[PDB]
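Heads up, the thing below is written out as structure tokens.
Protein chains in written order, with the authors' numbering: chain E, 1 to 14; chain F, 1 to 14; chain G, 1 to 13; chain A, 35 to 367, 375 to 413; chain B, 36 to 366, 376 to 413.
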């Protein structure tokens with residue numbers, strides 16, 4: 001089976 | 001196989 | 001393995 | 035299933051539950067929420083059983099059961115309490131204890147002890163805050179014994195000491211109809227807010243779940259069936275990191291019916307925090323806001339049916355729950378593109394008895410355990 | 036390595052920082068891609084074929100005054116040949132150096148032998164009367180040197196009556212721990228906060244030496260190359276911003292401080308995938324460092340190259356194709381994100397001799413808005 005989802009992406013720019 | 005990509009990151013600081 | 005990280009977030013307020 | 039009197043009280047406890055949830059969610063001091071509708075109704079039922087005059091009528095006031103007699107309220111809540119408590123044993127781990135702590139000068143009336151134990155399985159104990167730490171330890175030892183250490187502590191302090199304390203200790207562990215694999219577990223970040231992240235453990239599984247994606251309201255909702263489909267756990271979550279206030283404004287009994295009707299079995303990759311969430315509420319202030327004003331008043335409480343004298347007032351109503359998110363469940367059994382339900386930010390959850398439709402739990406997870 | 040090759044490894048690394056800083060201030064330079072040892076070899080060629088101040092200025096920019104001409108050529112030769120074959124087993128590395136002289140010019144026989152013995156330097160004759168035919172010979176040779184990975188050096192040659200030193204390179208880091216060839220997707224590279232280019236990125240999570248400077252808001256990570264003989268170090272601001280501030284902190288001693296503060300942590304590294312092609316004419320920038328007379332038609336003394344004083348250093352072409360790929364050797377807390385979707389600085393460092401194999405910055409990948 002497929003692995004886990006990746007982590008959440010980094011925050012956006014200010 | 002590798003899992004799906006993670007969700008989009010949070011918004012940046014104000 | 002875990003997938004890639006998600007894309008970068010939107011800009012702040 | 036249940037008797038006519040238990041079914042109508044089930045629908046009223048559910049309306050009272052959503053209703054109590056919203057009041058606590060509007061409280062800027064409340065973070066995590068975790069309420070059992072039947073335990074909350076039983077707490078009000080105990081006040082009506084041991085109260086007189088306006089103290090008892092206000093208890094039936096919050097319950098929306100004035101037009102019911104005292105006997106059919108206790109018999110209805112009693113059946114509803116015992117029915118849902120064991121209709122959700124056979125499937126998931128579920129431990130409930132209710133103990134009423136009175137001051138040492140108080141003597142519980144014999145008729146109240148018998149009816150409160152028969153209807154609500156209420157235990158009665160006497161406590162003295164002479165040694166305030168020893169008194170707190172007695173409560174925490176009782177809660178740990180009731181929950182087998184899963185809830186080792188109710189409260190760290192008791193502000194009101196000269197009254198009666200109603201303590202409900204609970205442990206609930208959902209047993210999934212399709213288990214997560216114990217190796218699909220790693221360390222990730224839970225974003226309590228956009229600026230505050232707590233390190234937690236997460237469990238991951240991809241499968242077929244009832245799912246609805248609201249592009250208009252920008253929210254996800256998923257139904258996770260519990261063991262043997264006797265109950266289900268429903269999760270409501272915004273698409274991105276944001277406070278749950280906006281989603282709670284949509285959280286009504288009628289809007290939920292629309293979401294439940296729009297769900298379709300889709301491939302969903304569910305990622306949940308793993309661990310025990312410990313939530314202790316003192317429903318005293320929030321039950322007072324709903325109408326239970328005199329029972330908690332030192333100067334106007336009439337709880338003479340509990341003790342024979344007007345020496346008691348409702349000091350606290352502790353609703354303490356240990357809710358464990360774990361991978362364990364039933365064993366289960375291939376090219377779909379899974380929807381991502383990534384629960385790394387605050388969400389709302391409901392536990393629903395699929396048979397009677399009764400609300401077993403309502404709550405929200407804002408802050409898991411973790412050192413950040 | 037020999038004592039003289041070891042001292043040249045430390046000074047070519049110092050030359051890299053000094054050369055990098057000069058180009059970063061040049062508003063015409065975007066991407067930077069420099070091989071310090073190849074740059075040092077170019078200065079060695081000027082010292083080998085120059086006389087009087089032309090040759091001494093070459094050892095000045097090289098900071099190799101305490102070494103004589105004899106030990107500089109032999110040292111750089113070993114250092115170049117060491118890194119050429121000590122890294123011919125881990126990473127792919129193709130290097131060519133050719134010296135183009137005018138057709139009326141005849142390279143002296145001793146210079147051809149010594150420059151090929153020490154620097155593996157090739158020698159050719161050209162005339163830019165037909166400018167397109169001359170450009171093709173340089174570009175055909177570079178494509179041959181890199182097997183098509185670098186099909187082009189320059190589109191034009193402004194200085195025609197002098198000598199052209201052309202370095203053609205292809206470098207492809209081979210990771211000690213490979214990326215999964217399916218862990219590749221298309222993302223946006225923010226050149227600035229107002230300009231995003233579509234690029235391909237490769238993703239991997241693992242244990243890497245990492246340092247997070249919260250005060251300066253920058254991340255630095257060490258990615259070991261195949262069999263741990265070298266490392267690729269990346270310096271990047273936390274969010275997208277011009278590299279000018281970070282370049283001001285980029286010194287040889289500050290790098291030692293940052294590497295000394297690193298700890299192996301779980302890091303999720305996301306890098307652009309693809310070939311970066313950069314061609315520099317180091318002539319202008321080497322003069323700013325002290326190599327002034329070699330590039331001057333009226334005072335260059337390169338008589339040891341050709342027998343006549345008709346030659347000056349017209350251009351020093353430093354052309355590199357640098358491929359970011361997933362391939363490498365086959366191979376836990378909550379990983380830090382090293383998400384390289386905005387300009388960054390990178391260095392490839394030979395961990396043994398301490399020699400800096402590459403220093404550069406990626407500001408603009410290939411793609412469309």
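For each residue, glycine too, the CB sits at the ideal point set by N, CA and C.
Contacts around residue i, its chain only, beta-carbon distance under 8 Å, and the 5 residues preceding and following it disregarded
i: residue 106 of chain A; result: 39
i: residue 308 of chain A; result: 219, 234, 235, 236, 237, 359, 360, 361
i: residue 161 of chain A; result: 135, 136, 137, 138, 169, 172, 173, 199
i: residue 223 of chain B; result: 231, 232, 233, 234, 385
i: residue 98 of chain B; result: 46, 49, 50
8 Å Cβ cutoff, residue i in contact with chain F
i: residue 245 of chain A; result: no
i: residue 272 of chain A; result: no
i: residue 218 of chain B; result: yes
Nearest-angstrom beta carbon gap, residue j and residue i [assumed within contact, 8 Å]
i: residue 294 of chain B; j: residue 384 of chain B; result: Rounded, the Cβ-Cβ distance is 18 Å, inconsistent with contact.
i: residue 3 of chain G; j: residue 5 of chain F; result: 5 Å
i: residue 407 of chain A; j: residue 387 of chain A; result: 5 Å
i: residue 390 of chain B; j: residue 267 of chain B; result: 6 Å
Alpha-carbon spacing of residue i relative to residue j, whole angstroms
i: residue 47 of chain B; j: residue 100 of chain B; result: 13 Å
i: residue 317 of chain B; j: residue 411 of chain A; result: 54 Å
i: residue 237 of chain A; j: residue 129 of chain B; result: 47 Å
i: residue 228 of chain A; j: residue 297 of chain B; result: 27 Å
i: residue 196 of chain B; j: residue 329 of chain B; result: 14 Å
i: residue 335 of chain B; j: residue 89 of chain B; result: 6 Å
i: residue 125 of chain B; j: residue 137 of chain B; result: 39 Å
i: residue 93 of chain B; j: residue 259 of chain B; result: 33 Å
i: residue 185 of chain B; j: residue 310 of chain B; result: 10 Å
i: residue 149 of chain A; j: residue 377 of chain B; result: 54 Å
i: residue 53 of chain B; j: residue 147 of chain B; result: 30 Å
i: residue 290 of chain A; j: residue 245 of chain B; result: 47 Å
i: residue 191 of chain B; j: residue 61 of chain B; result: 20 Å
i: residue 343 of chain B; j: residue 132 of chain B; result: 23 Å
i: residue 312 of chain A; j: residue 120 of chain A; result: 22 Å
i: residue 7 of chain F; j: residue 275 of chain A; result: 10 Å
i: residue 304 of chain B; j: residue 382 of chain B; result: 5 Å
i: residue 279 of chain B; j: residue 367 of chain A; result: 57 Å
Own chain residues within Cβ distance below 7 Å of residue i, not counting five before or after
i: residue 37 of chain B; result: 110, 113
i: residue 253 of chain A; result: 270, 271, 272, 273, 281
i: residue 142 of chain B; result: 136, 158, 340, 341
i: residue 85 of chain B; result: 93, 329, 336, 337, 339
i: residue 351 of chain A; result: 77, 200, 316, 317, 318, 321
i: residue 365 of chain B; result: 213
i: residue 325 of chain B; result: 92, 95, 96
i: residue 122 of chain A; result: 128, 265, 394, 401
First and last residue of the uninterrupted beta strand (DSSP E) at residue i
i: residue 230 of chain B; result: 230-248
i: residue 390 of chain A; result: 388-394
i: residue 51 of chain B; result: Counting along the chain, residue 51 of chain B falls outside any beta strand (DSSP E), though it belongs to the alpha helix (DSSP H) covering 38-60.
i: residue 145 of chain A; result: Segment 144-154 is the alpha helix (DSSP H) holding residue 145 of chain A; no beta strand (DSSP E) there.
i: residue 254 of chain A; result: 253-259
i: residue 319 of chain B; result: No beta strand (DSSP E) contains residue 319 of chain B, which is instead part of the alpha helix (DSSP H) from 318-324.
First through last residue of the alpha helix (DSSP H) which encompasses residue i
i: residue 173 of chain A; result: 166-181
i: residue 340 of chain B; result: 338-341
i: residue 287 of chain A; result: 287-296
i: residue 74 of chain B; result: 71-84
i: residue 367 of chain B; result: Absent here is residue 367 of chain B, because the residues of chain B run from 366 on to 376 with nothing modelled in between.
i: residue 116 of chain B; result: 104-121
i: residue 89 of chain A; result: 87-96
Any C-beta of chain A under 8 Å from that of residue i
i: residue 5 of chain G; result: no
i: residue 376 of chain B; result: yes
Contact test: residue i Cβ vs the ligand COA heavy atom, cutoff 7 Å
i: residue 44 of chain A; result: The ligand COA is not part of this structure, which contains no ligands at all.
Test: residue i CB closer than 8 Å to a CB of chain B
i: residue 2 of chain F; result: yes
Same chain, Cβ closer than 6 Å to residue i, five either side skipped, listed in chain order
i: residue 81 of chain A; result: 93, 329
i: residue 216 of chain A; result: 361
i: residue 43 of chain B; result: 110, 111, 114
i: residue 202 of chain A; result: 73, 132, 353
CB contact check: residue i to chain E, cutoff 8 Å
i: residue 240 of chain A; result: yes
i: residue 303 of chain B; result: yes
i: residue 281 of chain B; result: no
Below-8 Å beta-carbon distance, residue i vs any chain G residue
i: residue 385 of chain B; result: yes
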